[PDB]
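S.K.: This structure is in structure tokens; I'll ask about it shortly.
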Amino acid sequence: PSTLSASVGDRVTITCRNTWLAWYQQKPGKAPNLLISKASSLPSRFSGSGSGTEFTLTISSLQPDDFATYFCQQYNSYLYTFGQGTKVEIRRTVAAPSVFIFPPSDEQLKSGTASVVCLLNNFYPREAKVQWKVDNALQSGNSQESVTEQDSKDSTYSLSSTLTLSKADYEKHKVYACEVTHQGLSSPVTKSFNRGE
Amino acid sequence: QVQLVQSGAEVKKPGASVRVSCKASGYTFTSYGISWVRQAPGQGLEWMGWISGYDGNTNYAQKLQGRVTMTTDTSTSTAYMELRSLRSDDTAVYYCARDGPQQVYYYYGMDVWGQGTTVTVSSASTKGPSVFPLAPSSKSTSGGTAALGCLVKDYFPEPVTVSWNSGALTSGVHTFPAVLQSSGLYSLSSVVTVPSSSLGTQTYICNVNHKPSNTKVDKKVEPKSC
């Protein structure tokens with residue numbers, strides 16, 4: 001799903017990539033809601049009559065409850081297709097992440113595995129980069145990322161990067177570091193520790 | 001009061017089959033059609049097929065032809081969907097939607113939707129999570145702010161729920177969406193930021209619930225030195 005950064009009150013025009021049937025809205029964790037159909041139903045701030053060339057959806061002025069993903073429905077020989085969605089996120093001032101690091105607990109080290117957690121808290125925009133170094137060696141393919149949905153109160157995102165090694169591999173090394181780059185940071189942030197310290 | 005009510009979450013092994021029901025209410029079932037559409041994790045919507053509440057006649061998508069069957073029960077106002085020869089990529093949320101009064105020029109759209117049915121397809125067996133503390137220390141403290149949390153690891157299937165101090169602690173809490181590992185098990189962390197001055201006197205406990213395995217865990221998270 002494609003992303004558009006907008007402010008409350010902005011006018012938005014979404015183009016559908018005649019075969020057009022309808023426009024839908026979908027909020028996170030919820031089923032889609034019909035907006036407009038060929039029956040020419042929908043007055044409101046949502047309209048499908050932009051122009052007679054391509055099929056578009058116009059939101060005349062975005063309201064606080066309009067931040068969701070929008071997609072069109074089309075047909076091809078009685079076989080429906082759903083165009084790919086446009087996610088509308090709320091735009092706000094740049095906020096740099098607060099960075100925190102958690103070595104593996106001794107409880108996890110009993111069980112033969114070692115996960116190192118790097119937390120990037122309350123940042124904007126969503127685009128942030130995290131890289132792992134183990135004894136000054138750059139890592140790839142042994143970590144996983146997860147990002148929260150945009151916060152309903154402060155409009156920020158939070159991210160976890162989890163490096164997983166076997167206990168045997170974890171004990172063969174000393175320095176563990178995560179390096180963070182983001183729009184709100186003039187220089188990269190490195191959070192690190194020595195194993196056992 | 002016009003609504004469609006679907007059956008509960010299902011967990012299936014590859015090669016097996018699944019059956020989902022859709023119960024109509026507050027409208028005449030026989031005068032409308034029913035479409036089935038699925039949504040895979042972090043993906044767009046895929047149309048599966050359509051059935052008439054009047055005729056019982058069907059139109060299936062080419063990809064699913066021979067693998068899917070849709071039926072109707074006009075006496076109980078219920079639509080049914082069966083998906084056979086299940087594979088990992090069939091993991092999705094399945095929706096039924098009211099689709100057209102029973103001349104496609106005046107298309108009414110999919111105007112009423114079911115709550116959705118989650119179907120997980122995997123060779124993994126049910127397993128409760130391993131709950132490890134993410135201790136506040138100097139490495140997770142800057143100024144008067146300390147971060148702490150719980151690592152909820154290696155469980156199957158989704159979902160788990162996490163609360164802090166029996167629901168008394170909600171501000172600053174971030175429970176991350178689960179990631180699926182190469183083992184076929186899920187993993188997530190739940191974190192919270194608190195004043196660093198509170199660490200010596202305030203108790204922090206994460207409450208982890210995993211209904212599929214009947215697991216409940218209350219884990220105390222204690223501060224650590226360096």
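Starting from 1 in every chain, residues are counted up; chains themselves are A, B, ... following the order of the structure tokens, and ligands are numbered from 1 as listed.
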Find the spatial neighbours of residue 97 of chain A, counting only C-alpha atoms, within a cut-off of 7 Å - ignore same-chain residues fewer than 4 positions away - and output them as an MDAnalysis selection string.

M.R.: chainID A and resid 120:123

S.K.: Excluding residue 157 of chain A and residues on its chain fewer than 5 positions from it, collect all residues at most 7 Å away from it, counting only C-alpha atoms, and give them as a list in words.

M.R.: residues 122, 123, 124, 126, 147, 148, 149, 150 and 151 of chain A

S.K.: With N, CA, C and O atoms kept, could you save the residues just selected as a PDB file, in the first residue's frame?

M.R.:
ATOM      1  N   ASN A 122       8.919   6.837  19.648  1.00  0.00           N
ATOM      2  CA  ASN A 122       8.199   8.084  19.302  1.00  0.00           C
ATOM      3  C   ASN A 122       8.894   9.008  18.272  1.00  0.00           C
ATOM      4  O   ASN A 122       9.228  10.154  18.585  1.00  0.00           O
ATOM      5  N   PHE A 123       9.051   8.524  17.034  1.00  0.00           N
ATOM      6  CA  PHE A 123       9.661   9.296  15.944  1.00  0.00           C
ATOM      7  C   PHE A 123       8.695   9.602  14.771  1.00  0.00           C
ATOM      8  O   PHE A 123       7.656   8.942  14.595  1.00  0.00           O
ATOM      9  N   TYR A 124       9.075  10.602  13.954  1.00  0.00           N
ATOM     10  CA  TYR A 124       8.366  11.018  12.735  1.00  0.00           C
ATOM     11  C   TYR A 124       9.364  11.721  11.771  1.00  0.00           C
ATOM     12  O   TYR A 124      10.120  12.563  12.241  1.00  0.00           O
ATOM     13  N   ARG A 126       8.155   7.988   9.487  1.00  0.00           N
ATOM     14  CA  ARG A 126       8.221   6.533   9.719  1.00  0.00           C
ATOM     15  C   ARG A 126       9.572   5.901   9.266  1.00  0.00           C
ATOM     16  O   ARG A 126      10.034   4.914   9.847  1.00  0.00           O
ATOM     17  N   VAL A 147       7.139  -2.377  13.370  1.00  0.00           N
ATOM     18  CA  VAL A 147       6.769  -0.957  13.501  1.00  0.00           C
ATOM     19  C   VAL A 147       5.325  -0.865  13.969  1.00  0.00           C
ATOM     20  O   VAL A 147       4.461  -1.586  13.463  1.00  0.00           O
ATOM     21  N   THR A 148       5.046   0.026  14.924  1.00  0.00           N
ATOM     22  CA  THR A 148       3.663   0.213  15.374  1.00  0.00           C
ATOM     23  C   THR A 148       2.918   1.009  14.278  1.00  0.00           C
ATOM     24  O   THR A 148       3.545   1.564  13.367  1.00  0.00           O
ATOM     25  N   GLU A 149       1.585   1.061  14.371  1.00  0.00           N
ATOM     26  CA  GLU A 149       0.774   1.895  13.498  1.00  0.00           C
ATOM     27  C   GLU A 149       0.928   3.306  14.069  1.00  0.00           C
ATOM     28  O   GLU A 149       1.317   3.450  15.234  1.00  0.00           O
ATOM     29  N   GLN A 150       0.641   4.341  13.265  1.00  0.00           N
ATOM     30  CA  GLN A 150       0.737   5.734  13.709  1.00  0.00           C
ATOM     31  C   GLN A 150      -0.077   5.958  15.021  1.00  0.00           C
ATOM     32  O   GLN A 150      -1.234   5.545  15.116  1.00  0.00           O
ATOM     33  N   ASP A 151       0.557   6.541  16.036  1.00  0.00           N
ATOM     34  CA  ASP A 151      -0.091   6.775  17.332  1.00  0.00           C
ATOM     35  C   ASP A 151      -1.312   7.725  17.220  1.00  0.00           C
ATOM     36  O   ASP A 151      -1.218   8.802  16.634  1.00  0.00           O
TER      37      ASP A 151
END

S.K.: Using DSSP on the backbone, list every residue of segment 43-214 of chain B that comes out as strand (DSSP E or B), and give them as a ChimeraX atom specification.

M.R.: /B:45-52,58-60,68-73,78-83,92-101,110-113,117-121,127,130-134,141-142,145-156,161-164,169,173-175,179-180,186-195,205-210

S.K.: Within segment 152-192 of chain A, find each residue whose DSSP state, derived from the backbone, is alpha helix (DSSP H), and express the selection as an NGL selection string.

M.R.: :A and (167-170)

S.K.: Would you kindly report the residues of chain B within 8 Å of chain A, using only C-alpha atoms, as a VMD selection string?

M.R.: chain B and resid 43 to 47 61 95 105 to 116 132 to 136 139 to 141 147 174 to 179 189 226

S.K.: Write to file, as a short mmCIF file (atom, residue, chain, number, x, y, z; two decimals), in the first residue's frame, the residues of the selection just made, with C-alpha atoms.

M.R.:
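Below is the file that was written, selection.cif:
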data_model
loop_
_atom_site.label_atom_id
_atom_site.label_comp_id
_atom_site.auth_asym_id
_atom_site.auth_seq_id
_atom_site.Cartn_x
_atom_site.Cartn_y
_atom_site.Cartn_z
CA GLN B 43 -1.52 -7.16 1.64
CA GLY B 44 -4.41 -5.93 -0.52
CA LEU B 45 -7.81 -7.56 -1.09
CA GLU B 46 -8.45 -10.55 -3.39
CA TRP B 47 -11.94 -11.46 -4.70
CA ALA B 61 -12.27 -16.56 -9.72
CA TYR B 95 -14.77 -11.67 4.47
CA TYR B 105 -24.45 -0.52 -15.31
CA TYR B 106 -25.92 0.57 -11.90
CA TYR B 107 -23.51 -1.45 -9.66
CA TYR B 108 -24.57 -0.92 -6.00
CA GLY B 109 -21.21 -2.01 -4.49
CA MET B 110 -20.31 -4.24 -1.52
CA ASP B 111 -22.39 -2.26 1.04
CA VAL B 112 -22.57 -4.61 4.11
CA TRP B 113 -19.56 -6.59 5.48
CA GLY B 114 -18.99 -9.43 7.95
CA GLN B 115 -16.49 -8.94 10.81
CA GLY B 116 -14.00 -11.25 9.01
CA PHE B 132 11.56 -12.91 29.19
CA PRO B 133 12.11 -9.55 31.04
CA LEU B 134 13.67 -6.50 29.23
CA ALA B 135 15.23 -4.94 32.36
CA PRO B 136 15.69 -1.15 32.76
CA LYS B 139 21.73 1.24 28.48
CA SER B 140 17.92 1.85 28.46
CA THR B 141 17.98 5.16 30.48
CA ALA B 147 12.51 2.11 29.04
CA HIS B 174 3.81 0.10 22.89
CA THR B 175 2.99 -3.54 22.05
CA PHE B 176 4.58 -4.35 18.68
CA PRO B 177 2.83 -6.39 15.91
CA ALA B 178 4.12 -10.03 15.84
CA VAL B 179 6.74 -11.19 13.33
CA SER B 189 8.07 -7.28 22.52
CA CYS B 226 25.00 -2.06 33.80
#

S.K.: Do you know which residues are at most 8 Å from residue 27 of chain A counting only C-alpha atoms, after dropping those on the same chain fewer than 5 positions away, and could you put them as a ChimeraX atom specification?

M.R.: /A:32,67-69

S.K.: Using only C-alpha atoms, determine which residues lie at most 8 Å from residue 204 of chain B, disregarding the query and same-chain residues fewer than 3 positions distant; provide the list as a list in words.

M.R.: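 What passes the distance filter is residues 164, 165, 220, 221 and 222 of chain B.
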
S.K.: Keeping N, CA and C atoms for every residue in the selection just given, could you write it to a file as an mmCIF file, in the first residue's frame?

M.R.:
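Contents of selection.cif, as written:
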data_model
loop_
_atom_site.group_PDB
_atom_site.id
_atom_site.type_symbol
_atom_site.label_atom_id
_atom_site.label_comp_id
_atom_site.auth_asym_id
_atom_site.auth_seq_id
_atom_site.Cartn_x
_atom_site.Cartn_y
_atom_site.Cartn_z
ATOM 1 N N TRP B 164 -0.115 -4.082 31.347
ATOM 2 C CA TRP B 164 0.886 -3.725 32.354
ATOM 3 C C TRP B 164 0.180 -3.383 33.671
ATOM 4 N N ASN B 165 0.638 -4.005 34.776
ATOM 5 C CA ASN B 165 0.104 -3.835 36.137
ATOM 6 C C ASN B 165 -1.438 -3.990 36.189
ATOM 7 N N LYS B 220 7.331 -10.123 36.568
ATOM 8 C CA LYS B 220 7.892 -8.946 37.209
ATOM 9 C C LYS B 220 9.194 -8.610 36.467
ATOM 10 N N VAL B 221 9.380 -7.322 36.140
ATOM 11 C CA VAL B 221 10.540 -6.804 35.418
ATOM 12 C C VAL B 221 11.311 -5.923 36.405
ATOM 13 N N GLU B 222 12.462 -6.424 36.853
ATOM 14 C CA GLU B 222 13.303 -5.756 37.850
ATOM 15 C C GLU B 222 14.488 -4.996 37.252
#

S.K.: Would you list the contacts of residue 133 of chain A as a PDB file with N, CA, C and O atoms, in the first residue's frame, taking every protein, DNA or RNA residue within 8 Å and counting only C-alpha atoms, but skipping same-chain residues closer than 4 positions in sequence?

M.R.:
ATOM      1  N   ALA A 137      31.771  -5.902  13.242  1.00  0.00           N
ATOM      2  CA  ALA A 137      31.354  -6.537  11.988  1.00  0.00           C
ATOM      3  C   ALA A 137      29.856  -6.292  11.711  1.00  0.00           C
ATOM      4  O   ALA A 137      28.998  -6.639  12.531  1.00  0.00           O
ATOM      5  N   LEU A 138      29.552  -5.684  10.560  1.00  0.00           N
ATOM      6  CA  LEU A 138      28.173  -5.399  10.138  1.00  0.00           C
ATOM      7  C   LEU A 138      27.362  -6.674   9.912  1.00  0.00           C
ATOM      8  O   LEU A 138      27.873  -7.638   9.340  1.00  0.00           O
ATOM      9  N   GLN A 139      26.114  -6.698  10.395  1.00  0.00           N
ATOM     10  CA  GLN A 139      25.284  -7.897  10.317  1.00  0.00           C
ATOM     11  C   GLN A 139      24.122  -7.753   9.340  1.00  0.00           C
ATOM     12  O   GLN A 139      23.510  -6.682   9.239  1.00  0.00           O
ATOM     13  N   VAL A 175      31.377  -6.882  21.899  1.00  0.00           N
ATOM     14  CA  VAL A 175      30.658  -5.621  21.694  1.00  0.00           C
ATOM     15  C   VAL A 175      29.427  -5.792  20.797  1.00  0.00           C
ATOM     16  O   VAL A 175      29.530  -6.307  19.670  1.00  0.00           O
ATOM     17  N   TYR A 176      28.270  -5.318  21.305  1.00  0.00           N
ATOM     18  CA  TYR A 176      26.983  -5.345  20.616  1.00  0.00           C
ATOM     19  C   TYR A 176      26.466  -3.928  20.433  1.00  0.00           C
ATOM     20  O   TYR A 176      26.256  -3.231  21.428  1.00  0.00           O
ATOM     21  N   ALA A 177      26.248  -3.500  19.173  1.00  0.00           N
ATOM     22  CA  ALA A 177      25.801  -2.137  18.872  1.00  0.00           C
ATOM     23  C   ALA A 177      24.763  -2.030  17.791  1.00  0.00           C
ATOM     24  O   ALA A 177      24.859  -2.724  16.760  1.00  0.00           O
ATOM     25  N   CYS A 178      23.791  -1.105  17.997  1.00  0.00           N
ATOM     26  CA  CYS A 178      22.815  -0.734  16.982  1.00  0.00           C
ATOM     27  C   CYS A 178      22.987   0.756  16.676  1.00  0.00           C
ATOM     28  O   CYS A 178      23.042   1.599  17.593  1.00  0.00           O
TER      29      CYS A 178
END

S.K.: Identify, on the basis of only C-alpha atoms, every residue whose closest approach to residue 126 of chain B does not exceed 9 Å; exclude the query and any residue fewer than 4 positions from it along the same chain; express the result as a list in words.

M.R.: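 In the requested format, the answer is residues 155, 156, 157, 212 and 213 of chain B.
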
S.K.: Selected residues, N, CA, C and O atoms, written as a PDB file, in the first residue's frame, please.

M.R.:
ATOM      1  N   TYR B 155       5.678 -18.388  20.171  1.00  0.00           N
ATOM      2  CA  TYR B 155       4.330 -18.927  20.387  1.00  0.00           C
ATOM      3  C   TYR B 155       3.638 -19.199  19.040  1.00  0.00           C
ATOM      4  O   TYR B 155       4.074 -18.688  17.995  1.00  0.00           O
ATOM      5  N   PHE B 156       2.563 -20.001  19.081  1.00  0.00           N
ATOM      6  CA  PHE B 156       1.724 -20.323  17.924  1.00  0.00           C
ATOM      7  C   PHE B 156       0.342 -20.794  18.381  1.00  0.00           C
ATOM      8  O   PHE B 156       0.277 -21.632  19.283  1.00  0.00           O
ATOM      9  N   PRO B 157      -0.767 -20.377  17.739  1.00  0.00           N
ATOM     10  CA  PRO B 157      -0.884 -19.357  16.683  1.00  0.00           C
ATOM     11  C   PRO B 157      -1.055 -17.958  17.293  1.00  0.00           C
ATOM     12  O   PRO B 157      -1.017 -17.797  18.530  1.00  0.00           O
ATOM     13  N   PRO B 212      -5.249 -19.671  22.853  1.00  0.00           N
ATOM     14  CA  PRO B 212      -5.121 -20.980  22.171  1.00  0.00           C
ATOM     15  C   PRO B 212      -4.359 -22.068  22.939  1.00  0.00           C
ATOM     16  O   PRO B 212      -4.725 -23.237  22.837  1.00  0.00           O
ATOM     17  N   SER B 213      -3.346 -21.694  23.765  1.00  0.00           N
ATOM     18  CA  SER B 213      -2.596 -22.693  24.534  1.00  0.00           C
ATOM     19  C   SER B 213      -3.022 -22.757  25.995  1.00  0.00           C
ATOM     20  O   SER B 213      -2.471 -23.563  26.758  1.00  0.00           O
TER      21      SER B 213
END

S.K.: Residues at most 10 Å from segment 4-6 of chain B, counting only C-alpha atoms, excluding those fewer than 6 positions away in the same chain, as a list in words?

M.R.: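 Once the adjacent positions are removed, what remains is residues 20, 21, 22, 23, 24, 25, 26, 27, 77, 78, 79, 80, 94, 95, 96, 97, 98, 112, 113, 114, 115, 116 and 117 of chain B.
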
S.K.: Got time to write the residues from that selection, N, CA and C atoms, as an mmCIF file, in the first residue's frame?

M.R.:
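Output saved as result38.cif:
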data_model
loop_
_atom_site.group_PDB
_atom_site.id
_atom_site.type_symbol
_atom_site.label_atom_id
_atom_site.label_comp_id
_atom_site.auth_asym_id
_atom_site.auth_seq_id
_atom_site.Cartn_x
_atom_site.Cartn_y
_atom_site.Cartn_z
ATOM 1 N N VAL B 20 -16.249 -21.825 6.332
ATOM 2 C CA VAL B 20 -16.626 -20.563 6.979
ATOM 3 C C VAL B 20 -18.101 -20.245 6.665
ATOM 4 N N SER B 21 -18.884 -19.822 7.684
ATOM 5 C CA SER B 21 -20.314 -19.466 7.553
ATOM 6 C C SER B 21 -20.513 -17.944 7.702
ATOM 7 N N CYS B 22 -21.597 -17.422 7.131
ATOM 8 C CA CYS B 22 -21.944 -16.002 7.090
ATOM 9 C C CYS B 22 -23.462 -15.850 7.308
ATOM 10 N N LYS B 23 -23.893 -15.408 8.509
ATOM 11 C CA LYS B 23 -25.320 -15.285 8.831
ATOM 12 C C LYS B 23 -25.854 -13.862 8.678
ATOM 13 N N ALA B 24 -26.824 -13.695 7.767
ATOM 14 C CA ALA B 24 -27.501 -12.429 7.455
ATOM 15 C C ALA B 24 -28.599 -12.095 8.474
ATOM 16 N N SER B 25 -28.849 -10.793 8.679
ATOM 17 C CA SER B 25 -29.850 -10.281 9.614
ATOM 18 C C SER B 25 -30.289 -8.850 9.245
ATOM 19 N N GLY B 26 -31.562 -8.550 9.483
ATOM 20 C CA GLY B 26 -32.156 -7.241 9.236
ATOM 21 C C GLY B 26 -32.447 -6.894 7.787
ATOM 22 N N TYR B 27 -32.440 -7.903 6.881
ATOM 23 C CA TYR B 27 -32.713 -7.735 5.443
ATOM 24 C C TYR B 27 -33.142 -9.052 4.783
ATOM 25 N N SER B 77 -30.936 -18.145 6.322
ATOM 26 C CA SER B 77 -30.337 -16.912 5.799
ATOM 27 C C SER B 77 -28.817 -16.916 6.012
ATOM 28 N N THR B 78 -28.173 -18.028 5.607
ATOM 29 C CA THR B 78 -26.741 -18.251 5.790
ATOM 30 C C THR B 78 -26.046 -18.664 4.485
ATOM 31 N N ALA B 79 -24.863 -18.073 4.259
ATOM 32 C CA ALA B 79 -23.970 -18.360 3.136
ATOM 33 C C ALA B 79 -22.742 -19.091 3.704
ATOM 34 N N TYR B 80 -22.218 -20.070 2.953
ATOM 35 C CA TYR B 80 -21.073 -20.877 3.364
ATOM 36 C C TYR B 80 -19.964 -20.872 2.313
ATOM 37 N N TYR B 94 -10.736 -13.794 5.972
ATOM 38 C CA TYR B 94 -11.802 -14.068 4.995
ATOM 39 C C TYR B 94 -13.058 -13.259 5.331
ATOM 40 N N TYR B 95 -13.579 -12.499 4.341
ATOM 41 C CA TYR B 95 -14.773 -11.668 4.466
ATOM 42 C C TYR B 95 -15.881 -12.092 3.525
ATOM 43 N N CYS B 96 -17.127 -11.965 4.001
ATOM 44 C CA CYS B 96 -18.303 -12.101 3.173
ATOM 45 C C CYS B 96 -18.915 -10.689 3.124
ATOM 46 N N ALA B 97 -19.529 -10.317 1.992
ATOM 47 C CA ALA B 97 -20.161 -9.008 1.814
ATOM 48 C C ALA B 97 -21.382 -9.116 0.928
ATOM 49 N N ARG B 98 -22.452 -8.358 1.261
ATOM 50 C CA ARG B 98 -23.702 -8.294 0.486
ATOM 51 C C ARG B 98 -23.323 -7.627 -0.835
ATOM 52 N N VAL B 112 -22.511 -4.044 2.745
ATOM 53 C CA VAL B 112 -22.570 -4.606 4.111
ATOM 54 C C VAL B 112 -21.494 -5.682 4.201
ATOM 55 N N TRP B 113 -20.676 -5.662 5.275
ATOM 56 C CA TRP B 113 -19.563 -6.588 5.479
ATOM 57 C C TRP B 113 -19.616 -7.357 6.790
ATOM 58 N N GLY B 114 -19.135 -8.601 6.755
ATOM 59 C CA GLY B 114 -18.985 -9.429 7.946
ATOM 60 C C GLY B 114 -17.769 -8.945 8.723
ATOM 61 N N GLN B 115 -17.604 -9.403 9.970
ATOM 62 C CA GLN B 115 -16.492 -8.945 10.809
ATOM 63 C C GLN B 115 -15.130 -9.540 10.384
ATOM 64 N N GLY B 116 -15.174 -10.543 9.497
ATOM 65 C CA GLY B 116 -13.999 -11.254 9.012
ATOM 66 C C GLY B 116 -13.704 -12.475 9.857
ATOM 67 N N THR B 117 -13.043 -13.476 9.245
ATOM 68 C CA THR B 117 -12.651 -14.740 9.869
ATOM 69 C C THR B 117 -11.174 -14.982 9.578
#

S.K.: Give me, please, the distance in Å between atom CA of residue 75 of chain A and atom CA of residue 35 of chain B, quoted to one decimal.

M.R.: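 Going from atom CA of residue 75 of chain A over to atom CA of residue 35 of chain B, I get 13.9 Å.
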
S.K.: Counting only C-alpha atoms, which of A:185, A:2, A:13, A:25 gets nearest to residue 48 of chain A?

M.R.: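 So, comparing all the options, the nearest one is A:13.
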
S.K.: Counting only C-alpha atoms, figure out which residue out of B:138, B:201, B:163, B:187 gets nearest to residue 216 of chain B.

M.R.: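 Closest residue, counting only C-alpha atoms: B:163.
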
S.K.: Tell me which of B:9, B:54, B:17, B:81 sits closest to residue 37 of chain B, counting only C-alpha atoms.

M.R.: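 Closest to residue 37 of chain B, using only C-alpha atoms: B:81.
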
S.K.: Do you have the atom CA of residue 74 of chain B-atom CA of residue 58 of chain B distance handy?

M.R.: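 According to the coordinates, atom CA of residue 74 of chain B and atom CA of residue 58 of chain B are separated by 14.9 Å.
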
S.K.: Atom CA of residue 30 of chain B to atom CA of residue 74 of chain A: how many Å, to one decimal?

M.R.: 25.2 Å
